[PDB]
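Trainee:
What follows is the structure in structure tokens.
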């Protein structure tokens, strides 16, 4: 007979309830995926036999976060339209698994300097019951994972 | 000089040991034994010309002589930090004061201070000896501070200190 | 030290500091200190991190003191941080002190202390000095029995002399530098003999080979002596006991360097639930230490199953009455390398 | 500070102090190198460190190719000098561009003599633009601006 | 012991015993080679083993490229010597770096004469950083520290 | 204030973590001074460092004896190190007198009234203060009460040696020497500011003198956070030892192995300093007679405290129901469903869960007819705990083959 306060400290947390904060805005997305922390490896072997392994260069980070379109809201396009030649207004993304209503955060992922590439417009077909869903694949650096 | 050094070497480097342009020259020649008495206590920084480079600034001490604020690069960094923190998290004004406002605030500070950490502005070697941002109910703010509309934030820094003295020991007998 | 008033450069001289480089290794000589020294307090062990830190303590250097010429020759050769303990309280402070692997008689007589201090359970390996007078073939039975027969000690006879010192320099000073300079370069398992002495150290008494033939048997006295090709060097690698288990110092010093690095490798097992999943977490924390020691050439053999073995388990090594007494008995075996002391050269005249 | 990208550029020509603003569209420009020629002199008992003596400065050669277009005052200049009529000089101003189409830095290449002029080959088997690899030798280069 | 990695480095310049701490960001540095020139002398009846006679030492040439940035005291030095104004020397201190940004070993390159200076080419068809391949000839090299 | 916006301020205070845990709740009996209410609340429940600063002093209670020997109380500092090693929501019982018999004897009457305490600490140096409290607290170490593990301190290597020599006690010998400093405050020195002008300038110089020295504390406060830190990580059933203390400087004593062999058999644990690992708590025995090998460890005593403390919580839905056969089969199932979770988390040694526990309750199994007619119910719980490994023996042989 476990109580509801032991569940909140022992049991793991599910993916289906999270909030995303793009810069200073809160945009409700459908699926955020593709954030990770990768490194490459350097090997060095010599003669008598010493297999030295060191982690080397930090590898790039591009996350892919997906949203249905809405009749008035055009938010992801004016970020992929804002880019002239060399610079975008880079924002920071905070993802955080929440409570049922968004009154508590449970674990938070912070993304440092994010600029968008590859906005994909929806796939129209007259035989599908889907919602018109678009995605944005923004490249960034330094995903950190913060408790509470 | 304060505006020409902050662009080149950043704020945390001392605004002394830099040349003066525009054909500026000091009126009164200053000896080193004169400057030994105006560096202690309520210090008076002095500029003076040298044989190698010309006229230059030769002081980096503020008026107070406690170790917290003794050097101007320490006082000018903490003043350049606060003006760029309070514009980094100025979105938090008149927001719903609950927990998801707080972690959006501690993360807006923490990836400013990390970007200041990587440029060599703070001392140390890790990111956990360099700074800390700690907010939360009961960690720093009471429950009576929540319904008064107050978010208390505690941020710590560890800046660099300059090397004022260099002494040169001249042995004559080499081993 | 000059007081600093103005920001700038100070040109103050300091004649003849005799400055040496700081060094880092894993060999920590407890230095015995004679009781008439003033810059030491008893029932206290001060720590000397480099030669500048000793020179901060005593103020200025003089070549009269038997300690002052001792720690200079230590930091000139090997370096590493050392503990300066006075002799009359050395029996209380060494069991207190962790990071103690070798106890150096600097210039004092410790033969009464090593009998109670150095035990099979501990992790020390003392070194002390031979006689400072000349000893011959005829006096080989008298000075040999002046030391005990414990396998945890080594004796180096010829006292040193240097151009920068006036009193003779005792050889356990430099031999703690040599023990710390060889463990970094060639590892522990190589013998600390056949290595040069730096710092301008020179032996006081010339030793022949026919003299050393009598001080190598039994309670052996290692000797240092100079040669024509290289200069002065250490020429002994025998401990005091002459059984084949602990005859050479590299065997005794490896088993002492193993135990201090096993007991910190599996020190997580303290006050853990004493069942079976604690045991295989212990036999695996030992086995990939000894394998990493195996690949560097520290043990003899060719396979990993002639090299070592770790065997624990209920009934294999511990009884059921040893479980509820709170005891984990571990059996570990090793097979170290032995050095080549003799090389004989047979000169035929008629080539086939 | 932050580096700049290498796909915004324009190069305008100056034909006898009369500017040529019709011919700023180029595919690529060679990148401007200059080199101080050096004679190494080894001497005497100094056989452990070299000793280099300076000499004249050797400027690079500026190549720049474009798609073949309608005939222009640039093309009438190369055709006039490479048909043996008139050996004339032309000054080249090569500038980087910003995002707002402002120049970052400009290289002025005084008295550039048109040396060679080469079209790409026709071939029926592959689809590519006919280009005009035209290469001209300048005799001085005066860098001007910010962000060199 | 264990080897070190080759992607932490800084190189600072010394212009007439005045250090230059603005220009430590470089893309790559050439790696410092020196070579003892050798004259082989074969002689007499000894036709089964060679006999090499030493000669003067030939130091390498230090190339180092960086992205093109705002104009700096490094760039004003190369532009001054490669426009024929003043042949001046500059000392280079190239050091490896630790994890705590401490130097492992440093190479001091006394009296390095700036020989050549070459930018990358513009091209409209590919996206890459404009770099400054600038190459300078030193006349002595004094290695200093631990972990050479 | 009075206007919206950011308010930068310097020279801030120090804040810590909250680290809530309702299983090892200590109580700090010592020299504290309240500042906000001063009147009625004989002991206050704090939850973190901020409710302490909002209710207490952050000032050591200076105590002067007239040629003068002085005493500074580290109770405020010793509680900072409790929040730095572990955490929790400790009750704080300020007690400045320790000689009024009418207040000191009512310590157990108010500390059973709150019903949440498991640990009993005393962060003071003074023997005549500390040993007066342990005699009053020792009524909680009887068999009539549950929980109440008294974590104590011995100022020397010898035992505290009282009537609190029961199995519910643990002593930790070497006093710590923390790296923090003070910020300072005989019958109200402001009165003596008027009478003796010579003593006033004499005592004001010594307060600035003892402000610079690092304060020494007892380890009866730092291990109270160690008892909580290994309760979130590994539960009660693991020994609160082989874990590094944080935030302390050097030790005061440097006790070796051959002196420890009598203190540990006596029942005094020891914080022992290893260089490559830090200041590890070394020892998990209790202040018990060495013949009693059953309760000879801390967790074997402390788990049995924690099981019956949560069985009473689980049995409270049984009491005023009727006394018959379906009441016992619900009470038997409640402790069976509790002990099965302890068997799950490897708190009890065994392979199959009829060995790790047993509950026997019934009409003639445990009771009588005159037993049930009085209205009481007796069941027999019994459970086998895991005993940790204190000593290990490494047997280095040399003949491999």
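Protein chains in written order, with the entry's author numbering: chain 4, 2 to 149; chain j, 179 to 353; chain i, 2 to 353; chain p, 5 to 152; chain o, 5 to 152; chain x, 5 to 70, 86 to 204, 224 to 439.
Even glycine gets a Cβ: it sits at the ideal position worked out from N, Cα and C.
Check for me: the alpha helix (DSSP H) holding residue 262 (chain j) runs from which residue to which?
Mentor: Per DSSP, residue 262 (chain j) belongs to the alpha helix (DSSP H) from 250-263.
Trainee: Counting only C-beta atoms, is residue 343 (chain j) closer than 8 angstroms to chain i at any point?
Mentor: Taking Cβ atoms only, chain i reaches closer than 8 angstroms to residue 343 (chain j), which makes this a yes.
Trainee: Residues of chain i with CB closer than 7 angstroms to the CB of residue 314 (chain x), please, in chain order.
Mentor: Neighbours of residue 314 (chain x) on chain i, chain order: 265.
Trainee: So, at 8 angstroms on beta carbons, what are the nonlocal neighbours of residue 89 (chain i) in its own chain, with the 5 sequence-adjacent residues on each side left out?
Mentor: So the list reads 36 and 43, once near-sequence residues are dropped.
Trainee: If the cut is a Cβ gap below 8 angstroms, which residues of chain 4 does residue 277 (chain j) touch?
Mentor: Result: 104, 105 and 106.
Trainee: Mind checking the segment 42-60 of chain 4 against chain o and listing, in chain order, the residues whose C-beta falls within less than 7 angstroms of any C-beta there?
Mentor: If the cut-off is 7 angstroms between Cβ atoms, the segment 42-60 of chain 4 has 43, 45, 53, 55, 57 and 58 near chain o.
Trainee: Of all the residues that make up the segment 211-241 of chain j, which are near chain o by a beta-carbon distance shorter than 8 angstroms?
Mentor: Here the close residues are 230 and 231.
Trainee: Which residues in the same chain as residue 318 (chain x) place their Cβ atom closer than 7 angstroms to its Cβ, once the five residues preceding and following it in sequence are excluded?
Mentor: Same-chain partners within the cutoff: 280, 281, 282, 310 and 312.
Trainee: Against chain C, which members of the segment 108-141 of chain p pass a CB distance test of less than 7 angstroms?
Mentor: No chain C appears in the structure shown, which is made up of the protein chains 4, j, i, p, o and x.
Trainee: Please specify which runs of the beta strand (DSSP E), each continuous and at least 3 residues long, are wholly inside the segment 36-62 of chain i, giving them in chain order.
Mentor: Runs of the beta strand (DSSP E) inside the segment 36-62 of chain i: 46-49.
Trainee: Residue 125 (chain i) by DSSP, collapsed to three states: which one?
Mentor: If DSSP states are grouped into helix, strand and coil, residue 125 (chain i) belongs with coil.
Trainee: Roughly how many angstroms lie between the CA atoms of residue 18 (chain p) and residue 86 (chain p), to the nearest whole one?
Mentor: Residue 18 (chain p) and residue 86 (chain p): Cα-Cα distance of roughly 18 angstroms.
Trainee: May I ask which residues mark the beginning and end of the alpha helix (DSSP H) holding residue 52 (chain p)?
Mentor: Residue 52 (chain p) -> no alpha helix (DSSP H), and no H or E assigned at all.
Trainee: Taking the Cβ atom as the reference point for each residue, do residue 313 (chain i) and residue 331 (chain i) lie within a distance shorter than 8 angstroms?
Mentor: A contact, by the Cβ cut-off of 8 angstroms.
Trainee: For the segment 141-150 of chain o against the segment 95-110 of chain o, do three or more pairs of beta-carbon atoms, one drawn from each stretch, fall closer than 8 angstroms, so that the two count as touching?
Mentor: Contact between the segment 141-150 of chain o and the segment 95-110 of chain o is present, because at least three Cβ pairs lie under 8 angstroms.
Trainee: For residue 20 (chain 4), go through chain j and note every residue whose CB falls closer than 8 angstroms to its CB, in chain order.
Mentor: Ordered by position in chain j, the residues that pass the 8 angstroms Cβ test against residue 20 (chain 4) are 278.
Trainee: By the DSSP assignment, the beta strand (DSSP E) with residue 113 (chain 4) in it spans what residues?
Mentor: That run of the beta strand (DSSP E) goes 106-121.
Trainee: Let me see if you follow: with CB-CB separation under 8 angstroms, is residue 21 (chain o) close to chain j or not?
Mentor: Yes - at least one Cβ of chain j is within 8 angstroms of the one on residue 21 (chain o).
Trainee: With DSSP as the reference, label residue 6 (chain o) as helix, strand or coil.
Mentor: Reduced to three states, the DSSP call for residue 6 (chain o) is coil.
Trainee: Determine the chain j residues that contact residue 26 (chain o) at a beta-carbon separation under 7 angstroms, and present them in chain order.
Mentor: Result: 186.
Trainee: Could you list the residues in the segment 73-90 of chain 4 with a C-beta less than 8 angstroms from some C-beta on chain p, going in chain order?
Mentor: Cβ contacts with chain p come from 85, 86, 87 and 88.
Trainee: Assuming residue 198 (chain i) and residue 231 (chain i) form a contact by the criterion Cβ under 8 angstroms, report the distance between their Cβ atoms to the nearest whole angstrom.
Mentor: Rounded, the Cβ-Cβ distance is 10 angstroms, inconsistent with contact.
Trainee: Please classify residue 411 (chain x): does DSSP put it in a helix, a strand, or coil?
Mentor: Three-state result, residue 411 (chain x): helix.
Trainee: Under 7 angstroms between beta-carbons, which chain i residues line up against residue 292 (chain x)? List them in chain order, please.
Mentor: Simply 97.
Trainee: Could you compute how far the alpha carbon of residue 420 (chain x) sits from the alpha carbon of residue 346 (chain x)?
Mentor: Whole-angstrom Cα-Cα distance: 11 angstroms.
Trainee: From the beta carbon of residue 104 (chain o), is the nearest beta carbon of chain j less than 8 angstroms away?
Mentor: Interface residue, yes.
Trainee: Would residue 307 (chain i) count as contacting chain x if we go by Cβ distances under 8 angstroms?
Mentor: Chain x, which has a Cβ nearer than 8 angstroms to the Cβ of residue 307 (chain i), makes this yes.
Trainee: What would DSSP say about residue 68 (chain x), mapped onto helix, strand or coil?
Mentor: Strand at residue 68 (chain x).
Trainee: Is residue 233 (chain j) helix, strand or coil when you go by DSSP?
Mentor: Strand, per DSSP.
Trainee: If you measure between the beta carbons of residue 102 (chain x) and residue 61 (chain x), is that distance less than 8 angstroms?
Mentor: No, Cβ-Cβ distance for residue 102 (chain x) and residue 61 (chain x) is not below 8 angstroms.
Trainee: Just to confirm the assignment: which complete alpha helix (DSSP H) runs, minimum length 4, are found wholly within the segment 34-88 of chain o?
Mentor: Those alpha helix (DSSP H) runs which fall completely within the segment 34-88 of chain o and span 4+ residues are 77-85.
Trainee: Can the beta-carbon of residue 322 (chain x) be found less than 8 angstroms from the beta-carbon of residue 343 (chain x)?
Mentor: Going by C-beta atoms, residue 322 (chain x) is not nearer than 8 angstroms to residue 343 (chain x).
Trainee: Identify which residue in 311 (chain i), 224 (chain i) and 287 (chain i) has its Cα closest to the Cα of residue 195 (chain i).
Mentor: Nearest of 311 (chain i), 224 (chain i) and 287 (chain i) to residue 195 (chain i), Cα basis: 224 (chain i).
Trainee: In angstroms, rounded to a whole number, what distance separates the CA positions of residue 93 (chain i) and residue 275 (chain i)?
Mentor: Distance between the alpha carbons of residue 93 (chain i) and residue 275 (chain i): 33 angstroms.
Trainee: Between the segment 277-290 of chain j and the segment 131-143 of chain o, do three or more beta carbon pairs fall short of 8 angstroms?
Mentor: Because the criterion of three Cβ pairs below 8 angstroms is not met, the segment 277-290 of chain j and the segment 131-143 of chain o do not touch.
Trainee: Which first and last residues belong to the alpha helix (DSSP H) in which residue 148 (chain i) is found?
Mentor: Where residue 148 (chain i) is concerned, there is no enclosing alpha helix (DSSP H), given that its DSSP letter is neither H nor E.
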